[PDB]
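K.L.:
Chains as they are written, first to last, in the entry's author numbering: chain A, 541 to 662, 675 to 709, 720 to 737; chain B, 9 to 64, 69 to 128, 153 to 197; chain C, 1190 to 1245, 1258 to 1294; chain D, 247 to 442; chain E, 156 to 234, 243 to 390; chain F, 15 to 78; chain G, 75 to 282; chain H, 3 to 113; chain I, 789 to 844.
Quick one: the structure is below, questions incoming.
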Amino acid sequence: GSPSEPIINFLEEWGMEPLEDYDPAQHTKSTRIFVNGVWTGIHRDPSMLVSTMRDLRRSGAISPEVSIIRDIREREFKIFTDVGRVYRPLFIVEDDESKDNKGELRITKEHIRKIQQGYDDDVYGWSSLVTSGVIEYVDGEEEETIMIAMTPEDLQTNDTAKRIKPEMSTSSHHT
Amino acid sequence: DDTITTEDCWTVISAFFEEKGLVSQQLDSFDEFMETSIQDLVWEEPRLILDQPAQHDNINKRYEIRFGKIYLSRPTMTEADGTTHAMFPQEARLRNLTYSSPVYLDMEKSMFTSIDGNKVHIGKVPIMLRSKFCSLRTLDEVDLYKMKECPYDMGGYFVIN
Amino acid sequence: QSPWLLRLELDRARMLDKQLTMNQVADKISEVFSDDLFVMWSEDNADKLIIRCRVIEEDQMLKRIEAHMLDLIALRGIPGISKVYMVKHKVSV
Amino acid sequence: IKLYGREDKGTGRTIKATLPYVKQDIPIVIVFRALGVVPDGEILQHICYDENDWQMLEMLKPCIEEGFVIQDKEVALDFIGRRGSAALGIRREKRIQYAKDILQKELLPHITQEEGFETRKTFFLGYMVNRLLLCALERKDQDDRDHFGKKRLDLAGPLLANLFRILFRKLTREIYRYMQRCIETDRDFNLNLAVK
Amino acid sequence: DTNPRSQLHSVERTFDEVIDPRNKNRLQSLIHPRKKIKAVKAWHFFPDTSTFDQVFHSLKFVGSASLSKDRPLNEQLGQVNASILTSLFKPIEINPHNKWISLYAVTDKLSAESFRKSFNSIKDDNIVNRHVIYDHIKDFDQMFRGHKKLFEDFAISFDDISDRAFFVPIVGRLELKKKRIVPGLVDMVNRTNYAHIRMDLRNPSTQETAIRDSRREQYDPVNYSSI
Amino acid sequence: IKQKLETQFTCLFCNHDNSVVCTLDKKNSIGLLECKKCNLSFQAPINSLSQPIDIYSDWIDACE
Amino acid sequence: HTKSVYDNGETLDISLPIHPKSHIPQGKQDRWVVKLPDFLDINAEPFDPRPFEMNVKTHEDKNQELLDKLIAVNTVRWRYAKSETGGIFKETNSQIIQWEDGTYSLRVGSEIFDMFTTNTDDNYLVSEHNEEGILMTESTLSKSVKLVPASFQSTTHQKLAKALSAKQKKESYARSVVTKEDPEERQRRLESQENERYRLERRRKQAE
Amino acid sequence: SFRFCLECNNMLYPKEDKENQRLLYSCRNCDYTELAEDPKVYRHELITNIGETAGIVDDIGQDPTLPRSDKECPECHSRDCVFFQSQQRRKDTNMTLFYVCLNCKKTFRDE
Amino acid sequence: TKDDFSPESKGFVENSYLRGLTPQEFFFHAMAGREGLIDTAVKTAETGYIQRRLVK
Ligand SMILES: [Zn+2]
Ligand SMILES: [Zn+2]
Ligand SMILES: [Zn+2]
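Right, here's the structure in full:
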C-alpha cells in the first residue's frame, strides 16, 4: 500500500486536466486517467505521460509496487497503489528505438560483479537493482500490456534428445 | 559488454532471497499494521461526546474525550506473585503463555460549559515472531542459541496459549 | 389511411436459400392482417428486395405493429423445429 | 445499475439504478437530474462520447421517455426521498434534505465526500452506463470474474485491522455506556475504570 | 544550499541573467533543452498595477448554457461581438435556497461599439456621458468555488509594443447552467429583475479614487503612497 | 383500473393507526385516500410511476 | 415563439466609476488562463533582499525545507532597478519564450517550463463590483494554459521527484515505551478504592 | 441521428400536421418546432456490421503485443504494418484481418 | 503476441515426456491436469446421490 497523493501531484504537474474542464465533444481523442479506480482527469498525450511515470518509478521516485497500466484500445490509463496486489519481478529490455542498446537486457556483467562483491564502485543488493532500472515489478493486470521473452537467448534470433522451442513465426519481428 | 548466463540469473535470484527471505510478506504486513494501522483506527473516531442541557439557570454542558497517541512495548510476563519480566517465545511455548504486548492510549478529557489524562491500557496485542516488535529481531546467532531458538526458524506466526 | 409508411429490406441471399417467394410472404401478411394494412411488394428483378406497407399519433402504433410482425410471422414449417439436418443411416436389410 | 427488459420482450429496455438506503430501483434519468443536470442532451453528453453511434442512443431512448415525466431537480430529489426507507410521515423539505444526504454520502463514497463536488459523480455515472451499454451491445465480452489481476490478498495486517476496528468500536461503546451511567452519580471519574 | 546568503545569491543570479528581448543574438543563443529549437520572440512577465484593486472571477458556462449552442440567442446578439464583450451580470438572491444571475447586453451594434471603444480608450481624465441602455436576455443558475490561495489562477494579457505580459489574479470560478423558470413563480420573477438598465459613465470620485489607491499601495508603494 | 390497497399510515384527524386505505385509478390518473374511521377522502393526481407513498406524501403536504 | 417574460420597462439610473488602465490590449481582447503548479509561486510584492534574508525559515524535516527552497528560488518576482540615467524602472526575473513551432514557454532564471494550450469556448473574465453587487466583464479567456517541466534533467523536476519520493518514506506513528509494572495494576487498585468508597457511601446513606 | 432543442436542449420528437401534411420535429417541453429535412423517422438493423471496424485508435502502432507483418500499404506503400482481427466479439464474427500502416495509420483489408 | 492461433500458442505439446516440456507447455499441461482433478472430485457426489436414489 502506498499513498496516492504524490501520484496525483505528478500527474497534475505533467499536463493532466481535471474533469470540470472536460467536454466529451471536444475531447474525442483524449485518454481517461484513473487512479485507484477513481476517474480523476484526462490527457491528450498519453505516451509522454506513461513514459515519464514509468521512468520515475524505475528511478525510485515512485514506489516500485505501484501499477502503471495503459489500455490503448479503450483509451484508458490506470494507476493502482492499493494494498493486496500480487506481483513478480522481471528483467527490463531496453526498448528505446533511439538507443543503441535496443532489444538487449539492461543488466550487464558489471551489475552481477557488483552484486557478488556487495557494494558499488563509487550495500549493493536486490533493492539497488530495482532502483537502478534493470528490474521492475509487474502485477497480473499490468502483464496484459507487456511482451515477455522466456529466456535471454530468445532476445536474439535436429537432435533427438533435446527439447524443441516454439518458432513464433506469426510476426516478422518481435520487440 | 558481455552476455548474461544462467548463472548470472541464479546470482540475481540469490540476491533476491538474501534480501527478502521467504516469509517477508507476513512480517511486512504485520509491521505495517503495528506501525500505522492501530493509530489510524484510533483516529478514525477520535472524539466521544456527551451533552447535558442541565436545567435544575440554563447551563449547556458538553463532556468530550479525545484519543491521542498509541504507545507499544516489548512483550512482558506478569506472574502471580506480582513481579514482571521480559518474555521470550520459548518460555511462552513451554508454559502455554500468549506472546503479546500491552497497548497504551492517551485519553484527554475536557469539560465544556456554555450558559445560554494519561496513558490508559486498552489491551494486549499478540506479536508475530521475528517482526520489528519481537524480541528475537535483534538477537544475533549466539544469543539465539542461548535462548533455545532455532536459527533456521523463520517466524511469521503467533504463539497463543 | 395514414401518411406513415413502413418498408422493410429483406436479404436476397437468405430468402433465395430458404426457397421462398415474395408473393407467399405477401399472402401471409394479408391473411394475418386482413384489410387493416395495404401491402405492396417489389418484383423479383429488383436490385434490392423490398416490401412496403401502409396503415388504413400513430408512429408508436406502427412501431408496435412492425415489432409484432418481425416477431411472429410464420412463413412455413413446423413451429418448434428450429433447425433440420440431413443424416445418412447405414441399415442392414 | 441493472438493465431491465429481455431482447424483443418487455417493451422498452429501461435502465434502473439501485441506490443504498432506497427500497426500489430508480431510472437513470431521474437520478441524473437529481445530481443536478436536467437537460436530456447533457445527460447523453455525459453517457455517450461519440454522437454517430445511433445504437446506444436508441437504447437510451426508452430511459429518456420514462424519465420525461420528471423535469426539475427538486422534484427528482423528492422522488428519491420518498423511497429512502426512512420513517413514514417525514415532511417534504426534510425528505429533500435526506435525499441530499444519501446522494452526497454513500453514493460512490470512494470518489468524494464533500458538497458541490457531484460533477465527478455524474461523469462516473456516465462511465458506468457507457460500460453497461458497451457490454450489452455485444461490443465487449463480459468481465472475467476469475482474472487474477482483479483479486486482492489480505495478509495479517488488514485482517487484524478489521478485527481491531470491531473490538475498538465495542470498547468505545462500553466507555460511552459507563460514562452515561457515571454522570448520574456526578463524579470526577478517573477514566482508568471505563476502559476494559 | 540551506544558507540564507546562498538563497539570496541565487535570487540575484536569477535576476541578473534576464535576456533582453531586443537582443536578437542573445535570444537566438538560448536553446530548448529537449526540443533543440532556437527562440524567436520574447516578452517580459510583469504584474498589473491598475487592476489589483478590482476583484476578478473566471466566469464559465456549463453545458447547454453555451452561447454558440444557443443559435437564436447568438443570432439576436450578433454572430468578437461587442455586446458579448460589454455584457452586464447582476446577481440577485431572494433567499439562500433560490439564486440566479441576470444577464444584460446591448442589442444595438453601434451603441455597443461606441461603448466598447470609449471603455478601451480610458487613458485621460475626460469621459463622455454615454447613457447606454442594457436589455435583459436570459437567466442562469450559478455555483461558486473559492480558491484557497490568492494567485491560484492568473490570466495573461500581452503587449507587443512594450514586449511585456501583464497578469491579473483570479479570486474564484463561477459556473452557470440553464435554468427553467417554474410557471408557478413567474409572478415573483417579474418583480425581481428589470426589462432595462441604464448605465451612465462618470468620472470617479476623489474619495473612491483615494480608497482604490490605498488598496493598490500594498502592491506598489513607490508611486501610490499617500503623502 | 382502480387499485385498492391497505396501508399502515396514520390519520391526522382521528389519530388511529393502520386505518388508511389508498385507492388509485391509473386510467383517470387519480388517487384516493380514505380513512376507515374518519371517512375523510383526499384526492390528488397521480402519474405513470405513482406509488401509494407518493399520494401519502401529497396528503402530508396538503395537510400542512 | 417564447414570449419575453419581462415587459415592465423599469430602469435603474446606476452610474459606475471606472479608472484608467495602465495597458490596453491590441487587436484582440484575448487572455490565457494559467493554472499555478505546486513548484511555482507568484510574489507580486517588490523584491526586498534584507527582509527576504531575515525571513528564511529552517525546519528539521528535510523534505519541507527542500520544497520551500525550490519554490522560493522558482518564485516569480520583480524589483525596482535604478537606471544609469537616474530614473527608476521595473525589472522582473521572468520571461516568455516562443519557439519556431509557435509554442510558448515560461522562463524563470535558467528554468524553462513548457505551455500546453487548450481552446475553451464561452469562457470570459469579469470584474466584481461588490459595493453595487454586479459583475462587469473584462475580456475573453480563449485558451487554458498548463505549465509542464521541459525535461527530466531540469533541477526543478529532480527536486520535486526527490521531495515526493522521500516524503512517503518517513512513516512512524507509534512510539515505543518500557513497561515496568503490571498494566492492570491501576484498574484493580482503582476498583478497590471505588468498592471501599461504595461501602462507605452505603453505610453513610443507611446512617443518614 | 436525432436532433436536440435549440432553446431548452431536450429531444426533438417528430410530429405530423393534419392540415399542412408536413413532418416536423417538435419539443414537448415548449412550443419550439423545426422543419424536418428527411422522412427517415426510424431504422432498425436486424443484422449489423457497425463496430467491426469502428474500434480503431490512432495510437495502435505503439502497442508492443500486436503482431507485425510486411503487407503492402495501399496508400504510401510502406513495408511495415500491424494487423489484428475484428473488434466485434459476437459468435458470428468473421476471422478477417485489419491491417494498420505505421505512417498513414489507415485500416485496410487484404481482399 | 495478440491474435495467435498457431498450435503452440493454444496448448499443443510437441515434445515427449522423455524430451522434456517447455514452460508454456508445462503450464498448459498443468491446466489440463487441474481440469481432470476438479472433474473427478466434483462428479463423485452427483454419482453417489444417483446411486442412493436408485438403491432406495
Ligand atoms: Zn381518521
Ligand atoms: Zn424545447
Ligand atoms: Zn501507409
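For each residue, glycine too, the CB sits at the ideal point set by N, CA and C.
1) Would you kindly work out how many angstroms separate the C-alpha atoms of residue 117 (chain B) and residue 60 (chain B), rounded to a whole number?
2) Work out the CA separation of residue 603 (chain A) and residue 679 (chain A) for me, nearest whole Å.
3) Can you find a CB in chain E that lies within less than 8 Å of the CB of residue 9 (chain H)?
4) Does DSSP classify residue 304 (chain D) as helix, strand or coil?
5) List the residues that DSSP assigns as beta-bridge partners of residue 244 (chain E).
6) Residue 19 (chain F) to residue 350 (chain D), Cα distance in whole Å?
7) In chain H, what lies closer than 7 Å to residue 790 (chain I) by C-beta?
8) Around ligand 1, what residues have a beta-carbon under 7 Å from a heavy atom of it, in chain order?
9) Just to make sure I have the definition right: I need the residues of chain K whose C-beta is within less than 9 Å of the C-beta of residue 52 (chain H). Which are they?
10) Any beta-carbon of chain H closer than 8 Å to the one on residue 1272 (chain C)?
11) Which residue from E:282, E:306 and E:198 puts its Cα closest to that of residue 212 (chain E)?
12) Whose CB is closer than 6 Å to a heavy atom of ligand 3? List the residues in chain order.
13) Which of the three DSSP states is assigned to residue 239 (chain G) in this structure?
14) Which residues in chain G sit within 8 Å of residue 554 (chain A), going by Cβ to Cβ distance?
15) How would you label residue 17 (chain F), buried or exposed, when you count the other beta carbons within 10 angstroms and need 16 or more for buried?
16) Should residue 10 (chain H) be counted as a contact of ligand 2 given a C-beta to heavy atom distance under 7 Å?
17) Quick check: is the beta carbon of residue 372 (chain D) nearer than 8 Å to any beta carbon in chain E?
18) Below 9 Å between beta carbons is the criterion; list the residues of the region 400-418 of chain D that meet it against any residue of chain A, in chain order.
19) Can you grab the Cα-Cα spacing for the pair residue 77 (chain H) / residue 56 (chain H), in whole Å?
20) In chain A, which residues lie less than 8 Å from residue 296 (chain D) when you measure between Cβ atoms?
21) Given this structure, state the Cα-to-Cα distance separating residue 23 (chain H) from residue 261 (chain D), to the nearest angstrom.
22) Beta carbon of residue 261 (chain E): closer than 7 Å to some heavy atom of ligand 2?
23) Could you give the distance in angstroms between the alpha-carbon of residue 809 (chain I) and the alpha-carbon of residue 1198 (chain C)?
24) Along the beta strand (DSSP E) that carries residue 45 (chain F), what are the first and last residues, could you check?
25) Using the three-state DSSP reduction, which class does residue 292 (chain D) fall into: helix, strand or coil?
26) Taking DSSP as the reference, what is the three-state secondary structure of residue 73 (chain F)?
27) Does the region 546-566 of chain A come into contact with the region 221-228 of chain G, if we say contact requires no fewer than three beta-carbon pairs (one atom in each stretch) closer than 8 Å?
28) Tell me whether residue 353 (chain E) counts as near ligand 2, meaning its Cβ is closer than 7 Å to at least one heavy atom of that ligand.
29) Excluding sequence positions up to five away, which residues of its chain have a Cβ less than 6 Å from the Cβ of residue 17 (chain H)?
30) Would residue 71 (chain F) and residue 279 (chain D) be called neighbours here (beta carbons separated by less than 8 Å)?
31) For the alpha helix (DSSP H) that residue 101 (chain B) lies in, which residues bound it at each end?
32) Give a yes or no on whether the minimum CB-CB distance between residue 215 (chain D) and chain H is below 8 Å.
33) I believe residue 172 (chain E) touches residue 184 (chain G) by the beta-carbon criterion, under 8 Å. Please report the beta-carbon distance rounded to the nearest angstrom.
34) Identify every run of the alpha helix (DSSP H) within the region 343-385 of chain E, keeping only runs that are complete inside it and at least 4 residues long; order them along the chain.
35) May I ask which residues mark the beginning and end of the alpha helix (DSSP H) holding residue 207 (chain E)?
36) On the CB-based measure, 16 or more other CB atoms within 10 Å of its CB, does residue 167 (chain B) come out buried or exposed?
P.N.:
Well, looking at it:
1) 26 Å
2) 12 Å
3) yes
4) helix
5) BP columns for residue 244 (chain E) are empty, so no partner.
6) Going by C-alpha positions, residue 19 (chain F) is about 34 Å away from residue 350 (chain D).
7) 67, 68, 69 and 86
8) Qualifying residues come out as F:25, F:27, F:28, F:30, F:33, F:49, F:51, F:52 and F:54.
9) The displayed structure is made up of protein chains A, B, C, D, E, F, G, H and I, and chain K is not among them.
10) no
11) E:306
12) H:75, H:77, H:78, H:80, H:103, H:105 and H:106
13) Under the three-state reduction of DSSP, residue 239 (chain G) is assigned to helix.
14) Chain-order list of chain G residues neighbouring residue 554 (chain A): 222 and 223, by C-beta distance under 8 Å.
15) exposed
16) yes
17) no
18) 400, 401, 403 and 404
19) 20 Å
20) By Cβ distance, chain A contributes 568.
21) Their backbone Cα atoms lie some 36 Å apart in a straight line.
22) no
23) 56 Å
24) Membership of residue 45 (chain F) in the beta strand (DSSP E) is indicated by the continuous run 44-49.
25) helix
26) helix
27) yes
28) no
29) 26 and 28
30) no
31) 101-107
32) Shown here, chain D extends from 247 to 442; a query on residue 215 (chain D) therefore has no answer.
33) 7 Å
34) Listed in chain order, they are 349-352 and 369-379.
35) Taken as a continuous stretch (DSSP letters only), residue 207 (chain E) belongs to no alpha helix (DSSP H), as it is neither H nor E.
36) buried
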